[PDB]
Amino acid sequence: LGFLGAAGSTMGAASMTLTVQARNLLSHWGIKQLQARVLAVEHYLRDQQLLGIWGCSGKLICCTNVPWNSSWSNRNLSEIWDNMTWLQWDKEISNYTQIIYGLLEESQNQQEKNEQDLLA
Amino acid sequence: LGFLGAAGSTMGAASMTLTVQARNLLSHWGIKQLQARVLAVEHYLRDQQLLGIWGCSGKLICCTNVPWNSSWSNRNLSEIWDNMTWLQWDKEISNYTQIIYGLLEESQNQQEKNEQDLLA
Amino acid sequence: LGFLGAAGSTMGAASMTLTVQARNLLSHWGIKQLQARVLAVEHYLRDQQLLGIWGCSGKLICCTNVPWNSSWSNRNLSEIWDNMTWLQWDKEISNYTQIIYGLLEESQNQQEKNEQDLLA
Amino acid sequence: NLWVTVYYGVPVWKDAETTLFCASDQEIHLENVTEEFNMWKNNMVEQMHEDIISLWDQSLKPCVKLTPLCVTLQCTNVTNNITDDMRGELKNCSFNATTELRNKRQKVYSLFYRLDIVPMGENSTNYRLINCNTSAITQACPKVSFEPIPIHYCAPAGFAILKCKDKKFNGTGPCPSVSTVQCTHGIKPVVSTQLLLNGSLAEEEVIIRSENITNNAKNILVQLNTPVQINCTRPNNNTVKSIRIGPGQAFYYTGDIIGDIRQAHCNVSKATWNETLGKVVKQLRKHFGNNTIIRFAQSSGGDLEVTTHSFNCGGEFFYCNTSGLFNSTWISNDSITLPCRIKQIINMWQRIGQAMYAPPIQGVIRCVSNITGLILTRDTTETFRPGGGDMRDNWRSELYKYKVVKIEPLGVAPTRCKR
Amino acid sequence: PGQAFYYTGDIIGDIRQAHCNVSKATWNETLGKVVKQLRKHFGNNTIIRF
Amino acid sequence: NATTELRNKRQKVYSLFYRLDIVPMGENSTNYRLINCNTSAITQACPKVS
Ligand SMILES: *[C@@H]1O[C@H](CO)[C@@H](O[C@@H]2O[C@H](CO)[C@@H](O[C@@H]3O[C@H](CO)[C@@H](O)[C@H](O[C@H]4O[C@H](CO)[C@@H](O)[C@H](O)[C@@H]4O)[C@@H]3O)[C@H](O)[C@H]2NC(C)=O)[C@H](O)[C@H]1NC(C)=O
Ligand SMILES: *[C@@H]1O[C@H](CO)[C@@H](O[C@@H]2O[C@H](CO)[C@@H](O)[C@H](O)[C@H]2NC(C)=O)[C@H](O)[C@H]1NC(C)=O
Ligand SMILES: *[C@@H]1O[C@H](CO)[C@@H](O[C@@H]2O[C@H](CO)[C@@H](O)[C@H](O)[C@H]2NC(C)=O)[C@H](O)[C@H]1NC(C)=O
Ligand SMILES: *[C@@H]1O[C@H](CO)[C@@H](O[C@@H]2O[C@H](CO)[C@@H](O)[C@H](O)[C@H]2NC(C)=O)[C@H](O)[C@H]1NC(C)=O
Ligand SMILES: *[C@@H]1O[C@H](CO)[C@@H](O[C@@H]2O[C@H](CO)[C@@H](O)[C@H](O)[C@H]2NC(C)=O)[C@H](O)[C@H]1NC(C)=O
Ligand SMILES: *[C@@H]1O[C@H](CO[C@@H]2O[C@@H](C)[C@@H](O)[C@@H](O)[C@@H]2O)[C@@H](O)[C@H](O)[C@H]1NC(C)=O
Ligand SMILES: *[C@@H]1O[C@H](CO[C@@H]2O[C@@H](C)[C@@H](O)[C@@H](O)[C@@H]2O)[C@@H](O)[C@H](O)[C@H]1NC(C)=O
Ligand SMILES: *[C@@H]1O[C@H](CO[C@@H]2O[C@@H](C)[C@@H](O)[C@@H](O)[C@@H]2O)[C@@H](O)[C@H](O)[C@H]1NC(C)=O
Ligand SMILES: *[C@@H]1O[C@H](CO[C@@H]2O[C@@H](C)[C@@H](O)[C@@H](O)[C@@H]2O)[C@@H](O)[C@H](O)[C@H]1NC(C)=O
Ligand SMILES: *[C@@H]1O[C@H](CO[C@@H]2O[C@@H](C)[C@@H](O)[C@@H](O)[C@@H]2O)[C@@H](O)[C@H](O)[C@H]1NC(C)=O
Ligand SMILES: *[C@@H]1O[C@H](CO[C@@H]2O[C@@H](C)[C@@H](O)[C@@H](O)[C@@H]2O)[C@@H](O)[C@H](O)[C@H]1NC(C)=O
Ligand SMILES: *[C@@H]1O[C@H](CO)[C@@H](O)[C@H](O)[C@H]1NC(C)=O
Ligand SMILES: *[C@@H]1O[C@H](CO)[C@@H](O)[C@H](O)[C@H]1NC(C)=O
Ligand SMILES: *[C@@H]1O[C@H](CO)[C@@H](O)[C@H](O)[C@H]1NC(C)=O
Ligand SMILES: *[C@@H]1O[C@H](CO)[C@@H](O)[C@H](O)[C@H]1NC(C)=O
Ligand SMILES: *[C@@H]1O[C@H](CO)[C@@H](O)[C@H](O)[C@H]1NC(C)=O
Ligand SMILES: *[C@@H]1O[C@H](CO)[C@@H](O)[C@H](O)[C@H]1NC(C)=O
Ligand SMILES: *[C@@H]1O[C@H](CO)[C@@H](O)[C@H](O)[C@H]1NC(C)=O
Ligand SMILES: *[C@@H]1O[C@H](CO)[C@@H](O)[C@H](O)[C@H]1NC(C)=O
Ligand SMILES: *[C@@H]1O[C@H](CO)[C@@H](O)[C@H](O)[C@H]1NC(C)=O
Ligand SMILES: *[C@@H]1O[C@H](CO)[C@@H](O)[C@H](O)[C@H]1NC(C)=O
Ligand SMILES: *[C@@H]1O[C@H](CO)[C@@H](O)[C@H](O)[C@H]1NC(C)=O
Ligand SMILES: *[C@@H]1O[C@H](CO)[C@@H](O)[C@H](O)[C@H]1NC(C)=O
Ligand SMILES: *[C@@H]1O[C@H](CO)[C@@H](O)[C@H](O)[C@H]1NC(C)=O
Ligand SMILES: *[C@@H]1O[C@H](CO)[C@@H](O)[C@H](O)[C@H]1NC(C)=O
Ligand SMILES: *[C@@H]1O[C@H](CO)[C@@H](O)[C@H](O)[C@H]1NC(C)=O
Ligand SMILES: *[C@@H]1O[C@H](CO)[C@@H](O)[C@H](O)[C@H]1NC(C)=O
Ligand SMILES: *[C@@H]1O[C@H](CO)[C@@H](O)[C@H](O)[C@H]1NC(C)=O
Ligand SMILES: *[C@@H]1O[C@H](CO)[C@@H](O)[C@H](O)[C@H]1NC(C)=O
Ligand SMILES: *[C@@H]1O[C@H](CO)[C@@H](O)[C@H](O)[C@H]1NC(C)=O
Ligand SMILES: *[C@@H]1O[C@H](CO)[C@@H](O)[C@H](O)[C@H]1NC(C)=O
Ligand SMILES: *[C@@H]1O[C@H](CO)[C@@H](O)[C@H](O)[C@H]1NC(C)=O
Ligand SMILES: *[C@@H]1O[C@H](CO)[C@@H](O)[C@H](O)[C@H]1NC(C)=O
Ligand SMILES: *[C@@H]1O[C@H](CO)[C@@H](O)[C@H](O)[C@H]1NC(C)=O
């Protein structure tokens with residue numbers, strides 16, 4: 001039930017421990033320790049900025065309007081959520097995360113403009 | 001009307017100055033000053049992360065689905081909002097804030113899963 | 001199509017590149033480099049805090065309930081969005097941004113209180 | 001059909017290097033995680049190496065620098081009852097030292113080990129200290145101990161340390177039993193050469209670890225599953241005297257020896273040592289042939305710092321001859337006494353521009369320690385000899401079970417949920 | 001103690017003065033160009049002396 | 001008369017200096033000091049550093 005305890009569990013089980021890991025992301029001699037702390041903050045903020053760009057700010061589970069390409073993975077839901085742990089899944093689609101991230105950004109950019117014109 | 005000016009006022013009056021305090025949370029010799037600045041940022045981010053975990057990201061007043069236990073405090077609304085300043089209130093329930101924070105996290109975790117299954 | 005590429009384009013064109021600039025805001029000898037990094041983070045967080053205070057957390061385009069005073073600028077939409085680049089616009093209303101920011105904060109403070117009383 | 005869903009707080013990580021921090025004077029099992037470990041490519045070792053050296057150097061910054069002592073010394077034989085094993089080991093050296101006032105000098109005599117001095121012009125009365133031509137010696141502060149106090153290494157937020165709990169793990173490859181820890185166990189920075197002292201023991205069997213076992217250019221780290229106790233002594237009663245060589249600057253030296261002069265030595269139980277080697281041989285035969293010959297031999301060459309067992313015993317620096325431990329051939333209440341030399345001028349790390357003077361310790365010295373592993377090199381018939389000159393191997397022996405990874409909490413997967 | 005000082009012990013052969021060589025023609029072309037541009041800030045029917 | 005690696009020894013050294021680096025003392029034509037001996041300590045640049 002602690003940090004990374006679910007690392008060996010199935011994706012559908014591990015997805016219930018997202019707050020366990022989220023809370024462990026934040027907290028001349030002594031300078032390299034400041035560099036490590038500053039860097040940890042910068043890393044954290046980049047992931048948070050990215051979620052904001054995709055329209056997922058403030059949440060751990062975020063649904064989008066980006067469809068899945070089976071060229072990315074053609075496994076079904078029982079193969080992915082009831083087997084392939086998150087470590088296994090990450091390896092399998094590592095080659096596609098930049099394509100997916102680009103498509104999440106493009107979608108949010110269309111959504112924010114369509115919503116401003118409906119408030120007009 | 002300045003920072004902490006409302007500290008001696010009633011909770012229902014002090015609650016109208018939340019932006020006054022929120023804006024004053026952010027801004028070898030010289031190293032201890034960097035440590036103080038890095039630490040101030042880390043503190044800030046932990047409170048913001050915690051609000052996000054509870055589903056209160058981006059707001060100063062956030063209503064939740066967590067009921068009040070009168071074992072925490074059995075005072076009524078006139079006792080709490082028209083007397084007991086925030087300093088007094090903080091002392092009275094200090095023993096219960098970890099129980100309340102845990103219950104806020106558990107509630108948000110159920111809310112995000114119930115909302116993803118209704119978008120399915 | 002890169003960072004600040006749209007700087008010489010019209011406001012209505014440049015507004016479509018907001019993610020290009022947003023992503024370039026984050027990333028004794030060596031101390032002044034830590035000071036620069038800590039400062040960059042603090043600057044970033046102040047702008048993000050300010051958007052949160054105004055109720056614009058998590059978005060690049062945010063509509064508000066603050067009307068425009070033509071004392072601030074009496075130009076029409078074709079003058080502003082189909083000419084005056086953002087650099088030109090920023091010069092023209094620089095004298096009024098603190099008035100506008102104050103009015104955005106006041107509006108959000110009324111909105112959050114009206115919404116808590118409708119959930120009651 | 002299926003839509004991209006974004007998840008944050010995902011239990012995923014990637015190998016990474018970072019800066020670990022100290023902790024000096026918690027564990028999660030990860031039930032179905034198999035992880036790939038690789039000691040020798042473990043950067044925790046490189047960090048520990050640099051931190052130990054840096055802390056060592058920092059401790060000498062406020063200590064007396066012995067530049068007034070780079071003078072000619074006039075050395076004669078010590079007028080005492082010196083045994084055969086000690087003839088030529090000590091010299092009685094006279095010199096003109098500075099005092100707290102610039103226009104005054106004092107005549108001082110002291111005892112030096114022969115290893116710390118060198119003749120000038122091949123002259124038998126005039127000697128200089130060993131470092132006068134390469135460096136300034138700094139005297140270690142008498143109030144600061146050399147005790148190897150345990151250090152724990154802790155990860156920064158966003159990182160984690162994984163630990164391998166497999167009792168038969170040899171430093172590389174998959175580890176089926178992995179846990180996550182906040183900070184490592186306390187590791188004592190014991191500095192020694194060919195015999196590893198006061199480390200961790202193997203849980204079940206002697207473990208032989210090598211980056212490439214068939215490569216004779218690599219060292220073999222042998223972890224024992226039982227300690228071998230070794231008793232070291234300097235059986236001479238030293239009278240320690242001091243002088244002021246400057247404004248509040250005191251130099252410490254041995255004035256004289258009370259009683260007879262005898263050689264320093266270490267004792268290893270003969271039977272325990274023979275059992276230990278039999279176990280090492282059985283495991284070597286799993287990498288080498290079974291119907292083979294395993295021979296142990298003494299170090300082949302190099303200076304005293306690498307041909308002997310070097311260690312700090314009660315503050316003194318010993319250089320013990322281990323040919324009595326590694327002289328046997330294995331084909332298909334006695335003790336072993338190991339003679340030891342003592343030095344006051346040492347270089348610690350394999351460096352040229354630094355030297356330290358270890359002031360002598362008053363009285364008679366005895367220390368007891370555990371041999372918890374060996375460092376061997378390899379030349380039918382295979383021959384193994386003691387190695388261990390590079391301190392990074394001492395630290396690999398404790399850090400081999402730990403790995404540092406970076407946490408990567410953001411990820412995506414297909415679901416039936418759409419915005 | 002490990003501190004070496006370096007110095008010139010001697011000179012082999014004759015002792016001559018160190019010097020630099022600038023092409024005469026290239027230098028005169030260079031100044032002519034500089035003068036033409038100085039005359040855009042100073043008068044045209046002027047004298048420029050180096 | 002230069003110092004040596006031992007404190008109680010001296011060595012006789014001769015070297016060539018440029019006149020710009022030395023100054024006469026008391027207007028004496030045999031006795032000169034280095035230029036900086038009255039204002040600073042000279043540090044020798046390391047020969048291994050370009
Ligand atoms: C392997 O581990 C063993 C077990 O820990 C270790 O043996 C210990 O060594 C220390 C240091 O030599 C011993 O501590 C000393 O004991 C004497 C006798 O009572 C004291 O007088 C000493 O105090 C003086 O010196 C100190 C500086 O060292 C001063 O700070 C102090 O004020 C005094 O002037 C000191 O307490 C300890 O007793 C032994 N332990 C046992 C069980 O024998 C061994 O050294 C380790 N081996 C290696 C190579 O690291
Ligand atoms: C190491 O072993 C030797 C024996 O080989 C020990 O020497 C004896 O010490 C006692 C005193 O305790 C004397 O009475 C004996 O006469 C000594 N014997 C010999 C042959 O010299 C020695 O003490 C042991 N070691 C250590 C490290 O203390
Ligand atoms: C080192 O040599 C000195 C002499 O140079 C020894 O000290 C002398 O000892 C005799 C007795 O044998 C005394 O009468 C003298 O007065 C002492 N001289 C001085 C200057 O103290 C000294 O004992 C020798 N050191 C050792 C360890 O044997
Ligand atoms: C440890 O002691 C042994 C003797 O027991 C030394 O070995 C001798 O080394 C010389 C070369 O200097 C050879 O000629 C002899 O044949 C060797 N003797 C034996 C019995 O093999 C060894 O050199 C010593 N080691 C150290 C570091 O002092
Ligand atoms: C600087 O002066 C020294 C003498 O003070 C010159 O060295 C001598 O040269 C003669 C030959 O002309 C030798 O016989 C001497 O033995 C040398 N003396 C020493 C101390 O080496 C030296 O050559 C002069 N330097 C220069 C550059 O001319
Ligand atoms: C799905 O992807 C199809 C093939 O795209 C190519 O292969 C994948 C693995 C990536 O490497 C990508 O960069 C390549 O272009 C497309 O042909 C198909 O149109 C895509 N489906 C969409 C976007 O509707
Ligand atoms: C989900 O998929 C299950 C496994 O399918 C088979 O094995 C995988 C690894 C692929 O090679 C695939 O092409 C094979 O057919 C099926 O047994 C299961 O019925 C599927 N579930 C649904 C609802 O379709
Ligand atoms: C309200 O709390 C009741 C008592 O809970 C106990 O006392 C409080 C003060 C805390 O110390 C808590 O940890 C103790 O368990 C519960 O019996 C009651 O069920 C709670 N009401 C709820 C949760 O419905
Ligand atoms: C709110 O509470 C007022 C005070 O109640 C009394 O004093 C407090 C401190 C407790 O000891 C409580 O048990 C006492 O009864 C009441 O006067 C007031 O009527 C209450 N208001 C409402 C709407 O119920
Ligand atoms: C619009 O502004 C009018 C004039 O306000 C004054 O001039 C502007 C440029 C600022 O300097 C401001 O501080 C001055 O007060 C107001 O008279 C008018 O009421 C404003 N419109 C609103 C707020 O409804
Ligand atoms: C938008 O404005 C255009 C320009 O208006 C004229 O020039 C500006 C700079 C001011 O001085 C203004 O007072 C002048 O009248 C008009 O040509 C255009 O028709 C306007 N568009 C609409 C929809 O009203
Ligand atoms: C590990 O696998 C077993 C099934 O073999 C399962 O019961 C257990 O819950 C899994 N562990 C974790 C952390 O999911
Ligand atoms: C693993 O995948 C299969 C489909 O390939 C599915 O039937 C099963 O539910 C998944 N998990 C288990 C329990 O094996
Ligand atoms: C991913 O990319 C590698 C090349 O970098 C390729 O060999 C592999 O087949 C790709 N497919 C996967 C694992 O999705
Ligand atoms: C302090 O108490 C008085 C009543 O005694 C009240 O009028 C005043 O507003 C209070 N001060 C603050 C800051 O609320
Ligand atoms: C304080 O509490 C009482 C109820 O206990 C309430 O009637 C009153 O409004 C509160 N504030 C004042 C004005 O005293
Ligand atoms: C809070 O806890 C303390 C003990 O830590 C206890 O004495 C006190 O009665 C508790 N009650 C309050 C003030 O809510
Ligand atoms: C610059 O102005 C020209 C019109 O003169 C326009 O076509 C071009 O797109 C503008 N450049 C940018 C970056 O907008
Ligand atoms: C510039 O402003 C005028 C109105 O003043 C408008 O008609 C035109 O669309 C704008 N842009 C262009 C294309 O000149
Ligand atoms: C802005 O303020 C300046 C004085 O600071 C004033 O001269 C100018 O007219 C003002 N108007 C603009 C450019 O909006
Ligand atoms: C001094 O000791 C050496 C042994 O290192 C020996 O060869 C020499 O003869 C001795 N000299 C005297 C005068 O005793
Ligand atoms: C110490 O100084 C005396 C002169 O006072 C000298 O005779 C003696 O040789 C010097 N000692 C050494 C080691 O040089
Ligand atoms: C110092 O002298 C020894 C000989 O006694 C020699 O081996 C060593 O290389 C010399 N050190 C330096 C820096 O020249
Ligand atoms: C260590 O274990 C790995 C994996 O089984 C094996 O390939 C390697 O040869 C072993 N090395 C030694 C020295 O035992
Ligand atoms: C291990 O060493 C042998 C020589 O004994 C060499 O042939 C082999 O390539 C080396 N293997 C690796 C992985 O370096
Ligand atoms: C060593 O000398 C001291 C006097 O300084 C004496 O008290 C002690 O008993 C002696 N120890 C031995 C082993 O001779
Ligand atoms: C080392 O000393 C202990 C007592 O401290 C003794 O029991 C043991 O037998 C000795 N070991 C050897 C090899 O002499
Ligand atoms: C060491 O073990 C070998 C092999 O069993 C045996 O022949 C030899 O006598 C043993 N030596 C000692 C000292 O026990
Ligand atoms: C080597 O000998 C041992 C007995 O000492 C035996 O158990 C093992 O199976 C043998 N290995 C081979 C490859 O013959
Ligand atoms: C090895 O042991 C033999 C006796 O078996 C002995 O003669 C020889 O000198 C020893 N070698 C060393 C280096 O001690
Ligand atoms: C040697 O190991 C034993 C067993 O773990 C331990 O009790 C003893 O203290 C150790 N000896 C030393 C000197 O650390
Ligand atoms: C400088 O040297 C180059 C050859 O390196 C030669 O061609 C050129 O003419 C020389 N310039 C002058 C001014 O002498
Ligand atoms: C200066 O003279 C140049 C010709 O060398 C001519 O082109 C230029 O126009 C003249 N400028 C003025 C101000 O007369
Ligand atoms: C050193 O002496 C020179 C004359 O040779 C003089 O000009 C200079 O000012 C003096 N420097 C100082 C610091 O007095």
# chains A, B, ... in the order shown; residues from 1 in each chain; ligands from 1
call {"tool": "interface_residues", "arguments": {"of": "chain E", "to": "chain F", "cutoff": "7 Å", "atoms": "only C-alpha atoms", "output": "PyMOL selection string"}}
result
chain E and resi 1+7-10
call {"tool": "write_last_selection", "arguments": {"atoms": "C-alpha atoms", "output": "PDB file, in the first residue's frame"}}
result
ATOM      1  CA  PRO E   1      58.555  21.479  -1.938  1.00  0.00           C
ATOM      2  CA  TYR E   7      63.584  30.922 -16.479  1.00  0.00           C
ATOM      3  CA  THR E   8      65.647  31.626 -19.548  1.00  0.00           C
ATOM      4  CA  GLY E   9      69.113  30.302 -18.946  1.00  0.00           C
ATOM      5  CA  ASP E  10      70.631  31.449 -22.152  1.00  0.00           C
TER       6      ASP E  10
END
call {"tool": "residues_near_ligand", "arguments": {"ligand": "ligand 22", "cutoff": "12 Å", "atoms": "only C-alpha atoms and all ligand atoms", "output": "PyMOL selection string"}}
result
(chain D and resi 69-76+92-98+104-110+125-129) or (chain F and resi 6-9)
call {"tool": "interface_residues", "arguments": {"of": "chain D", "to": "chain E", "cutoff": "9 Å", "atoms": "only C-alpha atoms", "output": "number ranges by chain"}}
result
D: 67, 70, 131-136, 353
call {"tool": "atom_distance", "arguments": {"atom1": "CA of residue 364 (chain D)", "atom2": "CA of residue 248 (chain D)"}}
result
28.0 Å
call {"tool": "residues_near_ligand", "arguments": {"ligand": "ligand 13", "cutoff": "10 Å", "atoms": "only C-alpha atoms and all ligand atoms", "output": "number ranges by chain"}}
result
A: 10, 75-84
call {"tool": "write_last_selection", "arguments": {"atoms": "N, CA, C and O atoms", "output": "tab-separated table (two decimals), in the first residue's frame"}}
result
chain	number	residue	atom	x	y	z
A	10	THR	N	-1.32	-5.13	-11.94
A	10	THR	CA	-1.91	-4.88	-13.28
A	10	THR	C	-2.29	-3.42	-13.38
A	10	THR	O	-2.53	-2.84	-12.36
A	75	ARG	N	-3.53	-4.15	-28.90
A	75	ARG	CA	-4.02	-5.02	-27.84
A	75	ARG	C	-5.40	-4.54	-27.41
A	75	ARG	O	-5.65	-3.33	-27.48
A	76	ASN	N	-6.28	-5.45	-26.92
A	76	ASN	CA	-7.60	-5.07	-26.39
A	76	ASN	C	-7.51	-4.71	-24.90
A	76	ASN	O	-6.42	-4.76	-24.31
A	77	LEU	N	-8.64	-4.32	-24.28
A	77	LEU	CA	-8.71	-3.86	-22.89
A	77	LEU	C	-8.37	-4.94	-21.88
A	77	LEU	O	-7.81	-4.64	-20.83
A	78	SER	N	-8.64	-6.18	-22.18
A	78	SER	CA	-8.34	-7.22	-21.19
A	78	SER	C	-6.84	-7.49	-21.20
A	78	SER	O	-6.29	-7.75	-20.15
A	79	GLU	N	-6.21	-7.36	-22.37
A	79	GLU	CA	-4.76	-7.50	-22.46
A	79	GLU	C	-4.03	-6.38	-21.76
A	79	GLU	O	-2.97	-6.60	-21.19
A	80	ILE	N	-4.56	-5.17	-21.85
A	80	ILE	CA	-3.92	-4.01	-21.27
A	80	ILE	C	-4.24	-3.76	-19.81
A	80	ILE	O	-3.35	-3.47	-19.04
A	81	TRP	N	-5.43	-4.00	-19.33
A	81	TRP	CA	-5.77	-3.48	-17.98
A	81	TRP	C	-5.77	-4.60	-16.96
A	81	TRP	O	-5.63	-4.33	-15.79
A	82	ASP	N	-5.95	-5.82	-17.45
A	82	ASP	CA	-5.97	-7.06	-16.65
A	82	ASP	C	-4.68	-7.88	-16.81
A	82	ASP	O	-4.56	-8.83	-16.06
A	83	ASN	N	-3.74	-7.49	-17.68
A	83	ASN	CA	-2.32	-7.93	-17.68
A	83	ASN	C	-1.32	-6.75	-17.73
A	83	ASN	O	-1.38	-5.90	-16.83
A	84	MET	N	-0.43	-6.67	-18.74
A	84	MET	CA	0.62	-5.65	-18.96
A	84	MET	C	0.57	-4.62	-17.82
A	84	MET	O	-0.18	-3.70	-18.04
call {"tool": "residues_around", "arguments": {"residues": "residue 46 (chain C)", "least_positions_apart": "3", "cutoff": "10 Å", "atoms": "only C-alpha atoms", "output": "list in words"}}
result
residues 23, 25, 26 and 27 of chain B; 41, 42, 43, 49, 50, 51 and 52 of chain C
call {"tool": "write_last_selection", "arguments": {"atoms": "N, CA, C and O atoms", "output": "PDB file, in the first residue's frame"}}
result
ATOM      1  N   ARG B  23      -1.464  36.097  -2.215  1.00  0.00           N
ATOM      2  CA  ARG B  23      -0.461  36.804  -2.996  1.00  0.00           C
ATOM      3  C   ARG B  23       0.828  37.104  -2.259  1.00  0.00           C
ATOM      4  O   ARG B  23       1.777  37.593  -2.859  1.00  0.00           O
ATOM      5  N   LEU B  25       2.431  34.728  -0.521  1.00  0.00           N
ATOM      6  CA  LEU B  25       3.108  33.466  -0.301  1.00  0.00           C
ATOM      7  C   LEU B  25       4.292  33.332  -1.251  1.00  0.00           C
ATOM      8  O   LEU B  25       5.241  32.606  -0.974  1.00  0.00           O
ATOM      9  N   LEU B  26       4.248  34.033  -2.377  1.00  0.00           N
ATOM     10  CA  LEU B  26       5.316  33.998  -3.361  1.00  0.00           C
ATOM     11  C   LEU B  26       5.980  35.369  -3.436  1.00  0.00           C
ATOM     12  O   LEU B  26       5.306  36.353  -3.728  1.00  0.00           O
ATOM     13  N   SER B  27       7.316  35.430  -3.206  1.00  0.00           N
ATOM     14  CA  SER B  27       8.165  36.648  -3.186  1.00  0.00           C
ATOM     15  C   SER B  27       7.433  37.891  -2.620  1.00  0.00           C
ATOM     16  O   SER B  27       7.764  38.393  -1.539  1.00  0.00           O
TER      17      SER B  27
ATOM     18  N   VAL C  41      11.774  30.078 -11.849  1.00  0.00           N
ATOM     19  CA  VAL C  41      10.663  29.335 -11.283  1.00  0.00           C
ATOM     20  C   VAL C  41       9.729  30.243 -10.529  1.00  0.00           C
ATOM     21  O   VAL C  41       8.516  30.108 -10.660  1.00  0.00           O
ATOM     22  N   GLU C  42      10.268  31.151  -9.728  1.00  0.00           N
ATOM     23  CA  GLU C  42       9.427  32.052  -8.972  1.00  0.00           C
ATOM     24  C   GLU C  42       8.604  32.936  -9.895  1.00  0.00           C
ATOM     25  O   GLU C  42       7.425  33.169  -9.631  1.00  0.00           O
ATOM     26  N   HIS C  43       9.192  33.404 -10.998  1.00  0.00           N
ATOM     27  CA  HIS C  43       8.458  34.240 -11.930  1.00  0.00           C
ATOM     28  C   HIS C  43       7.295  33.443 -12.502  1.00  0.00           C
ATOM     29  O   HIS C  43       6.152  33.911 -12.521  1.00  0.00           O
ATOM     30  N   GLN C  49      -0.132  31.806 -10.408  1.00  0.00           N
ATOM     31  CA  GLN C  49      -0.958  32.129  -9.265  1.00  0.00           C
ATOM     32  C   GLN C  49      -1.965  33.169  -9.630  1.00  0.00           C
ATOM     33  O   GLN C  49      -3.117  33.086  -9.210  1.00  0.00           O
ATOM     34  N   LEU C  50      -1.534  34.139 -10.419  1.00  0.00           N
ATOM     35  CA  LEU C  50      -2.374  35.234 -10.815  1.00  0.00           C
ATOM     36  C   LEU C  50      -3.507  34.727 -11.699  1.00  0.00           C
ATOM     37  O   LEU C  50      -4.663  35.085 -11.480  1.00  0.00           O
ATOM     38  N   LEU C  51      -3.220  33.809 -12.617  1.00  0.00           N
ATOM     39  CA  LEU C  51      -4.299  33.257 -13.414  1.00  0.00           C
ATOM     40  C   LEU C  51      -5.285  32.529 -12.530  1.00  0.00           C
ATOM     41  O   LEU C  51      -6.490  32.653 -12.726  1.00  0.00           O
ATOM     42  N   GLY C  52      -4.803  31.808 -11.522  1.00  0.00           N
ATOM     43  CA  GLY C  52      -5.702  31.108 -10.617  1.00  0.00           C
ATOM     44  C   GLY C  52      -6.610  32.065  -9.857  1.00  0.00           C
ATOM     45  O   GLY C  52      -7.820  31.873  -9.810  1.00  0.00           O
TER      46      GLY C  52
END
call {"tool": "residues_near_ligand", "arguments": {"ligand": "ligand 18", "cutoff": "9 Å", "atoms": "only C-alpha atoms and all ligand atoms", "output": "ChimeraX atom specification"}}
result
/C:1,5-10,13-14,85
call {"tool": "residues_near_ligand", "arguments": {"ligand": "ligand 28", "cutoff": "8 Å", "atoms": "only C-alpha atoms and all ligand atoms", "output": "number ranges by chain"}}
result
D: 270-271, 274-275, 278, 330
call {"tool": "interface_residues", "arguments": {"of": "chain D", "to": "chain B", "cutoff": "9 Å", "atoms": "only C-alpha atoms", "output": "PyMOL selection string"}}
result
chain D and resi 415-419
call {"tool": "decode", "arguments": {"residues": "region 60-67 of chain A", "atoms": "C-alpha atoms", "output": "short mmCIF file (atom, residue, chain, number, x, y, z; two decimals), in the first residue's frame"}}
result
data_model
loop_
_atom_site.label_atom_id
_atom_site.label_comp_id
_atom_site.auth_asym_id
_atom_site.auth_seq_id
_atom_site.Cartn_x
_atom_site.Cartn_y
_atom_site.Cartn_z
CA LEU A 60 -5.11 12.36 -11.97
CA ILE A 61 -7.39 10.64 -14.49
CA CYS A 62 -8.20 12.71 -17.67
CA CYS A 63 -10.28 11.64 -20.64
CA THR A 64 -9.59 13.31 -23.97
CA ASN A 65 -10.97 13.55 -27.51
CA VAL A 66 -7.89 11.92 -29.06
CA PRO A 67 -8.82 8.44 -30.54
#
